[PDB]
Amino acid sequence: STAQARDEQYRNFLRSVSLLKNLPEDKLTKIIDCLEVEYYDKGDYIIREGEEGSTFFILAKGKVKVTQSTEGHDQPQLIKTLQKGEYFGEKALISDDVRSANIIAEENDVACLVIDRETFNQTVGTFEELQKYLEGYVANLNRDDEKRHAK
Ligand SMILES: Nc1nc(=O)c2nc(Sc3ccc(Cl)cc3)n([C@@H]3O[C@@H]4COP(=O)(O)O[C@H]4[C@H]3O)c2[nH]1
Ligand SMILES: [Ca+2]
């Protein structure tokens with residue numbers, strides 16, 4: 001349809017994302033303008049632990065699992081699942097680190113909205129309330145990683 005109507009469809013979804021509900025319009029618009037879409041089928045690794053990463057992901061369709069290598073275990077342990085409306089991949093950006101867990105599609109036809117580091121920094125990373133929320137969440141993820149003896 002129009003660019004505007006496509007944008008409205010993305011705006012409506014992004015405003016249903018709890019993380020983004022309070023973001024200023026101009027930064028939401030920048031996410032709409034800069035996002036890309038990636039599709040995955042069941043078992044695909046969206047993120048692999050021990051890889052460089054500088055992109056942030058919003059799950060628009062489907063479910064993924066979060067797994068992580070830990071001490072005393074040979075296979076990665078299942079931390080949680082994420083569903084439509086949730087997000088992942090901020091930690092590498094905020095911690096300036098390699099990817100710290102695997103993100104694996106649990107269903108066929110998973111769809112992610114992806115933005116790069118500069119876009120992230122200029123939107124999420126620039127709106128104080130959200131920046132601080134994610135920085136604090138990442139600090140807790142560090143303590144969870146320590147608790148479970150992440151390798
Ligand atoms: N180290 C680590 N420990 C966890 O206990 C954990 N739980 C999750 S789901 C989650 C998603 C977003 C927020 Cl703010 C909080 C939790 N994640 C996510 O996995 C991704 C791997 O790639 P990355 O770039 O390291 O970002 C990471 C995180 O997004 C975790 N990472
Ligand atoms: Ca456009």
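Side-chain atoms are counted along with the backbone in the values below, which use heavy atoms only and exclude waters and symmetry mates. Note that ligands are numbered from 1 as they come in the structure, with each ligand's atoms numbered from 1 the same way. Along the sequence shown, residues carry numbers from 1.
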Should the proximity of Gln77 to ligand 1, defined as any heavy atom under 4.0 Å, be assigned to the side chain, the backbone, both, or neither?
neither
Residue-level breakdown please: for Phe88 versus ligand 1, do any non-hydrogen atoms fall below 4.0 Å on the side chain, on the backbone, on both, or on neither?
both
Taking only heavy atoms of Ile79 into account, list the atoms of ligand 1 that are under 4.0 Å away from them.
4 (C), 5 (O)
Under a plain distance cut-off of 3.5 Å, with no hydrogens placed, do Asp26 and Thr29 share a side-chain donor-acceptor pair?
no
Report the part of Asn142 (side chain from C-beta onward, or backbone N, CA, C, O) that has a heavy atom under 4.0 Å from ligand 1; answer both or neither where that applies.
neither
Which value, rounded to the nearest 0.5 Å, describes the distance between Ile46 atom CD1 and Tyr39 atom OH?
13.0 Å
Find the distance between CD1 (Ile103) and OH (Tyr40) and round it off to the nearest 0.5 Å.
11.0 Å
Pairing donors with acceptors under 3.5 angstrom, does anything connect the side chains of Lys65 and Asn102?
no
Less than 3.5 Å between some nitrogen or oxygen of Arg148 and one of ligand 1, yes or no?
yes
Can an N or O of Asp144 be found at a distance shorter than 3.5 Å from an N or O of ligand 1?
no
Please say whether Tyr137 places an N or O atom under 3.5 Å from an N or O atom belonging to ligand 1.
no
Min N/O separation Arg99 to ligand 1 under 3.5 Å
yes
Partner set under side-chain hydrogen bond (donor to acceptor under 3.5 Å, both in side chains) for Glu36, not counting sequence neighbours:
none
Using a 4.0 Å cut-off to any heavy atom of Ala92, which atoms of ligand 1 qualify?
23 (P), 24 (O), 25 (O)
At under 4.0 Å between heavy atoms, what of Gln68 touches ligand 1? The answer is side chain
Is any N or O atom of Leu134, backbone or side chain, closer than 3.5 Å to an N or O atom of ligand 1?
no
Considering residues, nucleotides and ligands other than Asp96, do more than 12 of their heavy atoms fall under 6.0 Å from its CG?
no
Say whether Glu90, considering both its backbone and side-chain N or O atoms, lies within less than 3.5 Å of an N or O atom on ligand 1.
yes
